[PDB]
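As they're listed, the protein sequences go chains g and U.
Each residue of the first sequence is one higher than the one before, starting from 261 at the first, in the deposited numbering.
Each residue of the second sequence is one higher than the one before, starting from 3 at the first, in the deposited numbering.
Idealized CB from N, CA, C, for every residue including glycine.
Beneath this line is the structure, given in structure tokens, with notes to follow.
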Amino acid sequence: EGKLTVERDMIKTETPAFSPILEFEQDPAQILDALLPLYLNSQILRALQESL
Amino acid sequence: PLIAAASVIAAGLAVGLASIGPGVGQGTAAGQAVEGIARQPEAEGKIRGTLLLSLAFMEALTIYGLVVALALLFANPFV
Numbered sequence: 261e262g263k264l265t266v267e268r269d270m271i272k273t274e275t276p277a278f279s280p281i282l283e284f285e286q287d288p289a290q291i292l293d294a295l296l297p298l299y300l301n302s303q304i305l306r307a308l309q310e311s312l
Numbered sequence: 003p004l005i006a007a008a009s010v011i012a013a014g015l016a017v018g019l020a021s022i023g024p025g026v027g028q029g030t031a032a033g034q035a036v037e038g039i040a041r042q043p044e045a046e047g048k049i050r051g052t053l054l055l056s057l058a059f060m061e062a063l064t065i066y067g068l069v070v071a072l073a074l075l076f077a078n079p080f081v
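Right under this line is the structure:
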């Protein structure tokens, strides 16, 4: 209209099961221990910018 | 005879103690080969080609051990 609204679609993306042949140089009980700080930072930045 | 009996004992020992070596290495190789083919069945053709190329040189040592056992059984030029 003459005014604005919000457009939010729950955008999904695939589970690629990325590769069976991809090798874990850091022992996938160990790489997740550092991957999870990244999930924390991404969630906190998405919340920060959603608040803004 | 006696020296021929010792050659027969050597024929036992040679082919007996030979077959364990490739008989463990080729097994470890086969386990890791099927693990590789399971993590990737895409390159399976060249995988099995390399598998045969390794398996021939694997079994050749046990073949030569059985050959030395037969060469002490019958074709013993020292006894």
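Check the Cβ-Cβ distances between residue i and every residue of chain U, and say whether any is below 9 Å.
i	result
g/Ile281	yes
Mind checking residue i: buried by the 16 CB within 10 Å criterion, or exposed?
i	result
U/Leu55	exposed
U/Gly67	buried
g/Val266	exposed
g/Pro276	exposed
U/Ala62	exposed
Cutting at 6 Å between CB atoms, please list the residues of its own chain near residue i, excluding the five before and the five after it.
i	result
U/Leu75	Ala13
Grab the span of the alpha helix (DSSP H) containing residue i for me, first residue to last.
i	result
U/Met60	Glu46 to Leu75
U/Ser9	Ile5 to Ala20
U/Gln28	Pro24 to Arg41
g/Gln303	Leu292 to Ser311
Could one say the Cβ of residue i lies closer than 9 Å to chain g's Cβ atoms, at least one of them?
i	result
U/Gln34	no
Anything in the segment 16-49 of chain U with a Cβ closer than 7 Å to a Cβ of chain g? List those residues in chain order, please. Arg41 and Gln42
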